């Protein structure tokens, strides 16, 4: 059994796949803290988790001339000044289950928790590429490809890429992280090294990093070429052409209600509605609107989190609204967020449906009742 070596996990996780392991924190905890504890941080693994011996570990990074720099874990910690970045990882498949309610899709049935936040610490990718000899700017469209230590039966490793410009930008904060929420990277989250690409879909943050290579083309791996792309709602498995859409990089504006939960009965009087909101590309969320009546009237919720500099809002904003509720009434609780370029979330799922169930950002609707 190729999965016998996997780490043990926290017992309260909402597991949707045991092998390979994929799970999300329970929604009643998801937004309980700004930083998600390492043991509740959602996990997405495509393969068995690699067992890595710290000192024999080497990160291979290909130089501009065809040579190969070979860094050990200790050298990565001491050569480069440690940088810390608090960033939210949201999986492309977050909220896929709401899509399945319209028309079945292919994929892990995530609810609203394929997203978590953490303070990451490690080397700036930028610094590692400069040390390897690359210039700050290459002419044309270049990419930085990553490969993990985890590989399938037939030898292919999980892989992804980001544009060279993003890798080199001081502002973009791309890290080769070896620390998570102040402790070392847990095995499930990439020990000893992973890439963390703030503002960008989870798929690009390659875990258990074994190689970094600069290339004129995107990563040729299956997960970069033939997956994680958005299509028209009309497209199906026989008409789908992966060359007609760009690989998902930055994600659109997103939000969900974490309290209360669907079906709940809530005491009359006052109700505190809580949730998260986030946007890709470092775009700050500037407002969250909340509705108790299915989206015909709205009030502005209160935002917490900490103002990050412009174009660098890598972390979610948690929100709450305490509102008056009348005994024996029916509520349809809805939330929607607005980002700094004023992008908004769409009303319904059907018009954004796609065969892979990714990019599910329609309003989150929660139905509950007020106790008599």
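Residue numbers count along the first chain shown, from 1.
Legend entry - Between the two ranges 262-270 and 174-182, the one averaging a larger CA B factor in the entry: For C-alpha atoms only, the mean B-factor is higher in 262-270.
Inset, instruction - Report the stretch with the higher mean CA temperature factor, choosing between 328-336 and 36-44 on the basis of the entry. - result: Looking at the record's C-alpha B-factors, the answer is 328-336.
Legend entry - Largest Cα B-factor, entry values, listed residues 277, 102, 112, 144: Each of 277, 102, 112, 144 was compared by C-alpha B-factor; the highest is 102.
Legend entry - C-alpha B-factor winner, where the candidates are 127, 289, 75, 250: Among 127, 289, 75, 250, the PDB entry lists the largest C-alpha B-factor for 75.
Legend entry - Chain-wide C-alpha B factor ranking for residue 138, given as lowest, middle or highest third: Answer is highest: the recorded C-alpha B-factor places it there.
Inset, instruction - Looking at the entry's B-factor column for C-alpha atoms only, identify whether residue 314 ranks in the lowest, middle or highest third of its chain. - result: It belongs to the lowest third of the chain when residues are ordered by C-alpha B-factor.
Inset, instruction - Going by the recorded CA B-factors, say which third of the chain residue 297 sits in, lowest, middle or highest. - result: Its C-alpha B-factor, which the entry lists for residue 297, ranks in the middle third among residues of this chain.
Legend entry - Ranked C-alpha temperature factor of residue 351 among modelled chain residues, by third: According to the entry, residue 351 has a C-alpha B-factor in the chain's lowest third.
Legend entry - B-factor third for the C-alpha atom of residue 240 within its chain: As the PDB entry reports it, the C-alpha B-factor of residue 240 lands in the highest third of its chain.
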